[PDB]
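Whatever order the structure lists ligands and atoms in, that order sets their numbers, starting from 1. A note on names: the letters A, B, ... follow the listed sequences, proteins ahead of strands, and every chain is numbered from 1.
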Protein chains: 2
Amino acid sequence: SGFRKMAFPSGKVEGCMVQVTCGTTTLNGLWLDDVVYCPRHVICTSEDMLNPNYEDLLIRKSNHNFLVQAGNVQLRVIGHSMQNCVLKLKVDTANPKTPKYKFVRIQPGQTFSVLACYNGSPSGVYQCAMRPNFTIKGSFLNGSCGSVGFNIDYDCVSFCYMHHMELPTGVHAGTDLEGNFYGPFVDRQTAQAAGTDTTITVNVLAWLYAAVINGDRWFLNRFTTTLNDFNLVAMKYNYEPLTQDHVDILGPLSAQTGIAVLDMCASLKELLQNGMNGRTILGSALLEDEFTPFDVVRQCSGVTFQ
Amino acid sequence: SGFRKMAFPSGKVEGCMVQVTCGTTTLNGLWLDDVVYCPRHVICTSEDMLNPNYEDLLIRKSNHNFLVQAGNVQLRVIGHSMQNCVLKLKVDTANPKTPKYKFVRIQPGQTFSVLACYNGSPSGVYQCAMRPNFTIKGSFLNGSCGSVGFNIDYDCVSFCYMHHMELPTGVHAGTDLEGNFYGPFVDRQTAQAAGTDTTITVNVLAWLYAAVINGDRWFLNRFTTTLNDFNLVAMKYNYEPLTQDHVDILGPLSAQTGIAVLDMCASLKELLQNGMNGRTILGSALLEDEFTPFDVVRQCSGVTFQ
Ligand SMILES: O=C1Nc2ccccc2C2(CCN(CCc3ccc(C(F)(F)F)cc3)CC2)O1
Ligand SMILES: O=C1Nc2ccccc2C2(CCN(CCc3ccc(C(F)(F)F)cc3)CC2)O1
């Protein structure tokens, strides 16, 4: 019945997006209860961004210098502080649309939805993964800083990403909602290069399970393998090593399809060695690695949210 | 700065989804002002679906047989009628969350977002195209019927699709919001096969323009072509014929990049003849055809919505 790259419904997050302006710089903020969270580089000029001293730049800013606008209506800033690379602006009004929420710091390989915004207004929603090199491959133009990534479990939004930086290579870097960057990146306009973008092996396997459930099975073979034997081939192809924890997480997909995890590893190994020979799997000519095992279960089951 | 398959923010549509139950069948409805729109096959049993006489089945249904539930709260049905393949259930309460909206019947090649729902509750959002054979390639399980497709232009939601049927081949068929199917499909469980799924040429070209804007340009060559010469190769590869209307629509992308439309056609022609040779374009090993020229402009510019 079909399998699609699918984002969470975005309404709960749309009701949290505001515009934040400091000086000549405008980007997005996240309004939850009576706090607005945004990237601290809102206080920088494009001059400042080469070597900013954020503590010093903040000395010159008062509450009234942070212009916060929710739709057409202005919010009153009654306090501000810096936590790592985010500012927290206390406003005098609790966001009436605040959903149940959590702040979560995700691990490489985990997926989330991004609500890309400009000037506090939603532009679109798409699905991303935290890459093993701690970048994400997004769609972000100037003014999109402060857009957030999130997951939803029924009624509760877990915010995991806030967007801050584009690297010279066109990939993206950002923080969790406590303001700590994922990976080694900093909020300065300098030479920072991403490391190897390896493939998230457990996600590829989950997606192969999804393909089998949906009728694409030409890649199933007569072979099996072992974790160590498969991992020799994964390393050669810049795939993440597969662990027993990963095998365990694939357990429910293995059980429903009747295909042992290591048998699916042997299918993956032949795909890596032989290529696709011009065929497709679930409409892709590449092996997709931005579906987690939990994503596959969810979509193949029809789980929903408030 | 990156280019992603991107859906519209879904909040405005989330506030319109309800659950509709008739007998033992539950699916989704769309609540706009004081009318709930849903597939007429809600009145069928799985028996009925082999050869339904919808007019006859409706004789046995009264207002009180249609159970409409918005979140936890029941809506009072004060009238019902059948329009083509949709039912319209008049309720006694206008949806307080009704956005500005229109009903639009789209053309093959046009794209839209789908809010997949189960039991009136949103599950996820993804982007789709109306295929040239009038199917869509979605992600729909039992109970997702009545999920809708839509586009947004600033504050106004244009609803273009309601989901009704999965064909035996795993592709999807549905109606506009006046209840007329796209293509030749009917709401009966019978032998209906899709025609040729051809590639939407103008969308592929738009996506190649997007790639150039974002740094992927290895596929640009030293050649040009003509509409007629390109169309001979398109036919061979089951690509839609390119028209002068299509060339005109690509005009703004041509102007911004400085690459004449027919020059990009010559790049596409070499890609079709030679394949990708194992390379990728914007993270795909296939030529993507579910971005319209307007989608590319929008995403490459940062246009937003209420
Ligand atoms: O729409 C429909 N009609 C339908 C019609 C005929 C056969 C099967 C179906 C199903 C019914 C639920 N069936 C869920 C089975 C399942 C799959 C994966 C997992 C898991 F591994 F992810 F956990 C668990 C259960 C999916 C297909 O759906
Ligand atoms: O974020 C940023 N910083 C930035 C930094 C350096 C160079 C360019 C930029 C741009 C500035 C706007 N620029 C829009 C140009 C444009 C592209 C396509 C079209 C169209 F063909 F679709 F119509 C029209 C205009 C995109 C990149 O963006």
Taking only non-hydrogen atoms of B:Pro252, do any sit less than 4.0 angstrom from ligand 2? yes
Determine yes or no for a side-chain-to-main-chain donor-acceptor pair under 3.5 angstrom, with B:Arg4 supplying the side chain and A:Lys137 the backbone. yes
With distance as the sole test, does A:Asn151 use its side chain to make a donor-acceptor pair with the main-chain N or O of A:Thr111 at under 3.5 Å? yes
Drop me the distance from A:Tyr209's OH to A:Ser254's OG, to the nearest 0.5 angstrom. 4.0 Å
Can you list the atoms of ligand 2 that are under 4.0 Å from a heavy atom of A:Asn142? 1 (O), 2 (C), 3 (N)
Would you mind listing which atoms of ligand 2 come within a distance below 4.0 Å of any non-hydrogen atom of B:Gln256? 15 (C), 16 (C), 17 (C), 18 (C), 19 (C), 21 (F), 24 (C), 25 (C)
Here the atoms of ligand 1 under 4.0 Å from any heavy atom belonging to A:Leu253 are 21 (F), 22 (F)
Using a strict cut-off of 4.0 Å, indicate which atoms of ligand 1 neighbour a heavy atom of B:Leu141. 1 (O), 28 (O)
Would you say [atom] has a protein heavy atom nearer than 4.0 Å?
| atom | answer |
| --- | --- |
| atom 6 (C) of ligand 1 | no |
| atom 2 (C) of ligand 2 | yes |
| atom 12 (C) of ligand 2 | no |
| atom 16 (C) of ligand 1 | yes |
| atom 25 (C) of ligand 2 | yes |

What closest approach, in Å, do A:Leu50 and A:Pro52 show between heavy atoms, and which atom pair accounts for it? C-CD, 3.7 Å
Heavy-atom nearest pair, A:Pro122 first then A:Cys117, reads CA-SG, 3.7 Å
Side chain to side chain, B:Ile136 and B:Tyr182, heavy atoms closer than 4.5 Å: no
Do B:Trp207 and B:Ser284 have side-chain heavy atoms sitting under 4.5 Å apart? yes
Cation-pi geometry met for A:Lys5 and A:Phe291 (6.0 Å, 45°): yes
Give me the nearest non-hydrogen protein atom to atom 14 (C) of ligand 2 as residue plus atom name, then the distance to 0.1 Å. B:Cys300 O, 4.1 Å
Among B:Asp295, B:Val296, B:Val297, which residue places a heavy atom closest to atom 23 (F) of ligand 2? B:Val297
